[PDB]
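Q: Handing you a structure now.
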Amino acid sequence: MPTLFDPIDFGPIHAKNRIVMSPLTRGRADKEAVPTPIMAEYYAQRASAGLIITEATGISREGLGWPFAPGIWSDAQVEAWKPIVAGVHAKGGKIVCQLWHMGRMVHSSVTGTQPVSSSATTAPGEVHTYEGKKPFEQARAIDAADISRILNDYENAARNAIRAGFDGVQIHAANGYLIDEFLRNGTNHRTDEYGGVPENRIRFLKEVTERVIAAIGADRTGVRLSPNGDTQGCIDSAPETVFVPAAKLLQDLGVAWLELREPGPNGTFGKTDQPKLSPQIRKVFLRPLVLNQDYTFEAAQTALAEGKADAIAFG
Ligand SMILES: [Hg+2]
């Protein structure tokens with residue numbers, strides 16, 4: 001029965017309503033990925049929304065390949081977010097920081113290093129750089145040390161989020177970035193614990209999630225997933241083999257909520273779940289499920305009313 005105007009809770013986060021502002025990568029931060037004063041206003045305007053998820057924010061330079069994106073590994077960065085975050089709260093808002101490791105979707109001319117991924121692969125297309133576009137470089141496959149470091153940067157990133165004042169964190173595990181790369185058999189060829197069976201493709205996610213929930217609480221922790229990707233075109237043959245278990249695990253670990261990004265209804269009047277994911281995921285994940293599609297309001301108001309999701313994302 002709920003509507004977009006009804007309250008909802010994300011763990012301890014008492015969201016005023018069921019709208020989620022989840023911005024695309026504005027890209028207006030400085031070259032050291034420190035937020036800037038414009039960003040205060042950009043975020044403060046969106047305070048009316050039940051909850052705000054930030055633009056995806058780097059946990060590490062290695063993982064941040066997008067020019068002028070912000071991050072949150074540094075003390076400087078934390079200090080910059082602070083006023084931005086407090087701006088939002090002043091206006092009675094809620095806001096949660098989105099944790100990005102781009103994986104293989106970066107260029108070493110920006111990260112200063114070779115792209116890292118679950119396995120040594122090369123993404124298709126070109127990549128943006130402060131010098132304009134370029135051929136993707138092959139990646140190198142993460143090893144145990146790397147993993148331990150990456151895991152470090154995620155935990156630090158979350159902790160730093162809470163230091164700046166975020167009401168929580170969302171682990172970005174979606175859109176063919178680093179965690180996604182591990183989950184997909186096509187991007188993951190490892191023969192260690194982290195590869196092979198579905199249960200192993202899942203391990204990397206588990207381990208990231210575990211650190212984070214250990215660090216600030218499963219009740220302040222969300223994950224974003226995107227089985228058919230972030231874009232018109234793709235359709236995962238059998239998303240129940242990995243993604244459902246993924247979700248089941250997230251339930252069990254205590255995770256507060258789950259955004260599920262899915263390239264948006266194809267007509268105007270075209271269907272909401274087309275790919276009928278939510279019912280599969282609802283089967284195993286019982287807390288709030290956010291659907292993020294590129295959505296007209298009427299469309300949103302629908303899904304929510306049709307039971308498909310508990311709140312809806314826009315940007
Ligand atoms: Hg994205």
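Counting neighbours? That spans all protein chains shown, and the Cβs are built from the backbone with ideal geometry, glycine included. What follows draws every value from the coordinates through simple rules; no lab data is involved.
Q: For the stretch 1-18, which positions are of a type in the set (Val, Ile, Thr), assigned to a loop (DSSP other than H, G, I, E, B) and surrounded by 18 or more Cβ atoms within 10 Å (Cβ to Cβ)?
A: The first filter runs over the stretch 1-18 and keeps only residues of a type in the set (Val, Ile, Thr), leaving 3, 8, 13.
Retained after the next criterion (residues that are assigned to a loop (DSSP other than H, G, I, E, B)): 3.
Within the stretch 1-18, none qualify.
Q: Could you please let me know if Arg287 is in a strand (DSSP E or B) and under 30 Å from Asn156 (Cα atoms)?
A: Values: in a strand (DSSP E or B): no; under 30 Å from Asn156 (Cα atoms): yes.
Here the answer is no, as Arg287 does not meet what is asked.
Q: Another question, then. Out of the residues in the stretch 161-179 that are assigned to a loop (DSSP other than H, G, I, E, B) and closer than 30 Å to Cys234 by Cα, which is nearest to the ligand (Cβ to nearest atom)? Break it down into steps so the answer makes sense when it comes.
A: First, pick out the residues of the stretch 161-179 that are assigned to a loop (DSSP other than H, G, I, E, B): 165-167, 173-177.
Within this subset, residues satisfying the condition of being closer than 30 Å to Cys234 by Cα are 173-177.
Details: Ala173: 11, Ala174: 7, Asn175: 5, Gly176: 9, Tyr177: 8 Å.
This residue is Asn175.
Q: Within the bounds of the stretch 86-102, is there any residue that is in contact (Cβ under 8 Å) with a residue 24 or more places away in the chain, small (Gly, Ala, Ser) and part of a loop (DSSP other than H, G, I, E, B)?
A: Start the filter on the stretch 86-102 by keeping residues that are in contact (Cβ under 8 Å) with a residue 24 or more places away in the chain, which leaves 86-102.
Narrowing the set further to residues that are small (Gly, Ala, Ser) leaves 86-87, 90, 92-93.
Next cut, part of a loop (DSSP other than H, G, I, E, B) only: 92-93.
Within the stretch 86-102 (the criterion being in contact (Cβ under 8 Å) with a residue 24 or more places away in the chain, small (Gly, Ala, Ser) and part of a loop (DSSP other than H, G, I, E, B)), the answer is yes, since at least one residue qualifies.
Conditions tested, residue by residue: (1) closer than 18 Å to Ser22 by Cβ; (2) assigned to a loop (DSSP other than H, G, I, E, B); (3) hydrophobic (A, V, I, L, M, F, W, C); (4) in contact (Cβ under 8 Å) with a residue 40 or more places away in the chain.
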| position | (1), (2), (3), (4) |
| --- | --- |
| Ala246 | no, no, yes, yes |
| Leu249 | no, no, yes, yes |
| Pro265 | yes, yes, no, no |
| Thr268 | no, yes, no, no |
| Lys271 | no, yes, no, no |
| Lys276 | no, yes, no, no |
| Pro279 | no, no, no, no |
| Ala299 | yes, no, yes, no |
| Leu304 | yes, no, yes, yes |
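Q: Let me ask something additional. Filter the stretch 103-151 for residues that are in a helix (DSSP H, G or I) and in contact with a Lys or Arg (Cβ under 8 Å, 6 or more places away or on another chain); which is surrounded by the fewest Cβ atoms within 10 Å (Cβ to Cβ)? Spell out how you get there, then give the answer.
A: Pass one, the stretch 103-151, residues in a helix (DSSP H, G or I): 108-111, 144-151.
From what's left, in contact with a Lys or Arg (Cβ under 8 Å, 6 or more places away or on another chain): 109, 111, 151.
Values: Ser109: 14, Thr111: 19, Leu151: 16.
So the residue we want is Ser109.
Q: Still on this structure, I have one more. Which ones in the stretch 19-61 are surrounded by fewer than 16 Cβ atoms within 10 Å (Cβ to Cβ), within 16 Å of the ligand (Cβ to nearest atom) and over 13 Å from the mean Cα position of the chain (by Cα)?
A: Passing the criteria: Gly27, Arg28.
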